[PDB]
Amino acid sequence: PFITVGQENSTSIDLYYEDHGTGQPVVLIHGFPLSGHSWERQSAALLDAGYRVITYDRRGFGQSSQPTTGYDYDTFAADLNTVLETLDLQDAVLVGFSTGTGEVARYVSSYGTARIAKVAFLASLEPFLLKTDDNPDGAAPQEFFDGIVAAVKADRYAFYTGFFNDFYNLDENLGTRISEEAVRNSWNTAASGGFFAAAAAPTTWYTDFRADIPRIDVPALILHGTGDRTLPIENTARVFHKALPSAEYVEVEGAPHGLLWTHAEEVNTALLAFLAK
């Protein structure tokens, strides 16, 4: 199913989405370079617990349109606002994962929380990944991000194999917490995304969200794996926990970035406890 969020030349920009179940709406927002189907272990647990689960594919990924425009978090937050206004959701829960946590913060800051009950940040990028003089807790300098763009442009297909080795910590988890076949599914999903979004999305990951975080005025959850090699915990959740001390804060020791699959039981327990509160 599709929601139209914009236009590019002669074509509409349509996001693929799904809407399942009955109950309070929970909107699940994926990250690079996957799709809404990557939430399947959480969607099954939320449907059995009595929630309505909405997932969509961000622009440039999954089954959504693949424009060459609008790769910035303000546009990703506008796309989320169109999804929530078109479905007319109230008392919704926004749950972001990985790089999809950028539009959760930017939506709250720009559009406010009238439709929102709670927000959750899983393996998040906040508050500001770029290491600069005024941000010593950043993870890396600009050259690191330019390097990821040059590797995607050189051969995105081979890039995804090295990316998923560090996303799931395959040297530790292949064969035990993730199978070869689930990794193959993730590679197929990345290869179906748009070529232009794959090389443009890395330029958004050094957006500064420090001014957005104090605008969060609803209950929040911050969850992160301490073995994350993609978004290191010392530069992301441990700094975010100091900026937003009201949030529930959960560290999953040893988990990688791709913990929605590898550590699904621990993620589901923490999400269900936060949703019931």
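Quick note: we count residues from 1 along the sequence shown, nothing fancier.
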Fill in: Mean temperature factor over C-alpha atoms, higher-scoring stretch between 167-175 and 94-102
167-175
Item to complete: Select between 125-133 and 176-184 the stretch whose C-alpha atoms have the higher average B-factor in the entry.
Response: 125-133
Fill in: Residue with maximal Cα B-factor (values as given in the PDB entry) among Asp228, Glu234, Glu251, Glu40
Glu234
Worksheet entry | Identity of residue with top Cα B-factor, from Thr189, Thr161, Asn81, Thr203 | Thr203
Discussion item. What third of the chain does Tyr157 rank in for C-alpha temperature factor, lowest, middle or highest?
Written reply: lowest
Fill in: Chain thirds of CA B-factor: placement of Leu47
middle
Worksheet item: According to the PDB entry, is the CA B factor of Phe196 in the bottom, middle or top third of its chain, that is, lowest, middle or highest?
Response: lowest
Practice prompt. Can you work out whether the C-alpha temperature factor of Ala117 puts it in the lowest, middle or highest third of the chain?
Written response: middle
Discussion item. Quick check for you: using the entry's CA B-factors within this chain, is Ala211 in the lowest, middle or highest third?
Written reply: highest
